[PDB]
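Starting off, we have a lone chain in the form deposited in one PDB entry, written out as structure tokens.
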């Protein structure tokens, strides 16, 4: 059972991962988590963050370049994800491939059917062989405005991916989602 938590609000996404983990562990199922990017454990992830803050020349001026770094991050964790799914009952990922497609398409002002989204699905799932997630849970100066526009675009792209079952079945939940009900819906009792 590989579950990926997506959304634009990271602080709430982290909370949902905590409440969801406690619910699964309360039901007797073992849980293990992993957050992307893997800052401090992957050189590709650290480079991306550093490029964001002006390092590495023009590396940040290419959306696909940054997306590639993120994709390479998960590529190095493939055997780590496979190991967790074999030794644990539930594996919860804080952000996954869907994040790369939603934010990449938003930056390029594209939709779910855009070139950037299809490229993400192609390179990470088909070429890199990243495990397909069983569930993808969507949690619904002047620079302050240039950001809010990217969040709304990313959030809309998220809504498109979930509506079309991008990379697997989805499940849209609000911040007020009940953890017990969500964990019972993702992994019902009696297998």
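Residue numbers count along the first chain shown, from 1. Think of the rigid core as the biggest set of C-alphas that the two forms share within 1.5 Å after superposition.
Although not depicted, the form deposited in another entry is the subject of the following passage.
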| property | result |
| --- | --- |
| Shift of residue 178 between this form and the one not shown at or above 2 Å (CA, core fit) | no |
| Is_shifted residue 22 between this form and the one not shown (CA, 2 Å cut-off, rigid core) | no |
| Per-residue C-alpha change between this form and the one not shown, residue 10, threshold 2 Å, rigid core fit | yes |
| Cα-Cα trend for residue 11 and residue 167, given that in that other deposited form the distance shifts by 3 Å or more | closer |
| Shift in CA distance, residue 175 and residue 9, in that other deposited form relative to the form shown here, given it is 3 Å or more | farther |
